[PDB]
Amino acid sequence: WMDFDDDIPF
Amino acid sequence: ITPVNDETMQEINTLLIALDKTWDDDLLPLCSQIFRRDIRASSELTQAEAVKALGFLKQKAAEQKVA
């Protein structure tokens, strides 16, 4: 599960 | 737990505007994927969820200039 702690693009 | 308060909401809104992003287009979709519930409005987050989103927006706003 991707998380807000991951280097998610936005 | 309990719903997002107005001070936290206003901090998120400030950063969305600085990032040229929106609830409808950007953050509500992402929150739905991350928290795996179906979130259709900014007031429908919990405070705990909002604090996580705010930390993520701060990282984004600190990282680089908006193009």
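A, B, ... follow the sequence lines: proteins, then strands. Residue 1 opens every chain.
To the nearest 0.5 Å, atom CG of residue B:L16 and atom OG of residue B:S42 are 9.0 Å apart. To the nearest 0.5 Å, atom CZ of residue A:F10 and atom CD of residue B:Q59 are 13.0 Å apart. Here B:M9 contributes atom CE and B:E11 contributes atom CD; the two are 11.0 Å apart, rounded to the nearest 0.5 Å. Note that the CG atom of B:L57 and the CG atom of B:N13 stand 10.0 Å from one another [nearest 0.5 Å]. In this structure, CG in B:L54 is found 12.0 Å from CD in B:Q10, a value given to the nearest 0.5 Å. In this structure, CG in B:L28 is found 7.0 Å from CG in B:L45, a value given to the nearest 0.5 Å.
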- Evaluate the side chain to side chain contact (heavy atoms under 4.5 Å, CB included) criterion for residues A:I8 and B:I34: first the C-alpha distance (whole Å), next the side-chain angles of each, then the deciding distance (0.1 Å), finally the verdict. CA-CA 10 Å; A:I8 300 169; B:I34 293 185; 3.3 Å; yes
- Query: Taking it one step at a time, do B:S32 and B:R37 satisfy side chain to side chain contact (heavy atoms under 4.5 Å, CB included)?
  - Reply: CA-CA 5 Å; B:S32 296; B:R37 80 207 195 59; over 6 Å; no
- Working for side chain to side chain contact (heavy atoms under 4.5 Å, CB included), residues B:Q47 and B:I1: CA-CA 7 Å; B:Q47 179 63 19; B:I1 332 297; over 6 Å; no
- How far apart are the C-alpha atoms of B:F56 and A:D5, what are their side-chain angles, what is the distance that settles it, and do they pass the side chain to side chain contact (heavy atoms under 4.5 Å, CB included) test? CA-CA 7 Å; B:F56 173 81; A:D5 306 309; over 6 Å; no
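With a 4.5 Å cut-off on side-chain heavy atoms, B:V4 and B:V51 do not count as touching.
A continuous path of hydrophobic side-chain contacts links B:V66 to B:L27 [ILVMFWY only; heavy atoms under 4.5 Å].
Ionic pairing of B:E49 and B:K52 is not present here: no N-O contact between side-chain nitrogen and carboxylate oxygen is shorter than 4.0 angstrom. Ion pairing between a basic and an acidic side chain is recognised when a charged N comes within 4.0 Å of a carboxylate O; B:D26 and B:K60 show no such pairing.
A donor-acceptor contact shorter than 3.5 Å is absent between the side chain of A:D3 and the backbone of A:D6.
Summarising the local packing, CG of B:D25 is surrounded by more than 12 heavy atoms from other residues, nucleotides or ligands at distances under 6.0 Å. Counting heavy-atom neighbours within 6.0 Å of B:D6 CG, excluding the residue itself, gives a total of 12 or less.
Listed by chain and number, the residues in a ring pair (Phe, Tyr, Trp, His ring centres under 6.0 Å) with B:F35 are A:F4 (sequence neighbours excluded).
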